[PDB]
Amino acid sequence: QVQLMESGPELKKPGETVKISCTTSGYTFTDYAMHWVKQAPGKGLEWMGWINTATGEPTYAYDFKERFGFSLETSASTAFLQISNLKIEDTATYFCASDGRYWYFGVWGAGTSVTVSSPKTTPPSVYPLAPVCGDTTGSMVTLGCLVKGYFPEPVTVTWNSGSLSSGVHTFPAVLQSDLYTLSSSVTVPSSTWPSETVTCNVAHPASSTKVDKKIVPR
Amino acid sequence: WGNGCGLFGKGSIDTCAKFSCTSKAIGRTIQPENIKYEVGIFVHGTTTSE
């Protein structure tokens, strides 16, 4: 079976170098070129180029030239994407492909998310959020959990060990000083709080911090 | 296999160099009406060396 796996999420800093690996299976490696496609932070897919594999020849898209590279290893069927002088604007997801030439490809790579930032590994600030009188609308009391300033991704935010997923919305996090801030809100009826325990469980194995915070009434 | 490629014996390159002229000659074409002729004419009378 043809399945393209890549190096996983990579943590980088501006000014360094990286070689992004693409490991291929199900076919002879030198027989298919590797189409490299960058996904811009705005979710634009920007095509990096294709490497003639035989012959080991990279073909760059002009915008990607001279700070990027395509290198290969034939025996283990691993294609490599080399990047020099890392830049924060390069934070993105990268992809490889098994070449069907001018019709492109039938199989997409697993993807590689490069993160170029200059933070310190940090545990999140996990705050139980007490709803006020105006926060109780329509028989339900909405509760929330602020996850503030954690690096790196991901964080597992559950509620009462994940026992109640009903009204749980775990929102994405964006960059603040290269730190991530997200919030998660559980929606339970007003009869369940503060009658029943509601505790947001934030598991951040990257910083090795599992935080448990219960919301208390005011 | 040592330089830049995985094959042998051949290659292709495009060599470009910006042209800069240090010095250039210029030609001229002569129009017939524009040609003038200054013709000194003199008759011998009483004359000196001056």
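Residues numbered from 1 in each chain as written, not as in the entry; some residues may be left out. Chains lettered and ligands numbered in written order. Part of a larger assembly, values for the part shown. Heavy atoms only, no water.

- Per the PDB entry, chain B goes by the name JEV E protein and belongs to Japanese encephalitis virus.
- As recorded in the PDB, this entry has the title "Structure of JEV-2F2 Fab complex".

- Taking the PDB entry as the reference, chain A is identified by name as 2F2 heavy chain belonging to Mus musculus.

**A short note on the state of the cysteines**
Residue and element names in this part refer to chain A.
And step 1. In total, this model carries two disulfides over all chains according to the counting rule given.
And step 2. Across the disulfide, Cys22 is cross-linked to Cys96 (sulfur-sulfur distance 2.0 Å). Sign of the S-S torsion, about 75° for the bond between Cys22 and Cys96, identifies this disulfide as right-handed. Highlighted residues: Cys22 in strand β3 (residues 18-24) and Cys96 in the loop between β9 (92-95) and β10 (97-99), separated in sequence by 74 residues.
And step 3. With relative accessibility at 0%, the residue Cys96 sits in the buried group.
And step 4. Here the bonded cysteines of chain A are numbered in sequence order, and their pairing is 1-2, 3-4. (Disulfide = S-S within 2.5 Å. Helix = DSSP H or I, 4+ residues; strand = E, 2+ residues; numbered from the N terminus. Buried < 20%, exposed > 50% of the residue type's maximum accessible area, 1.4 Å probe, protein only.)

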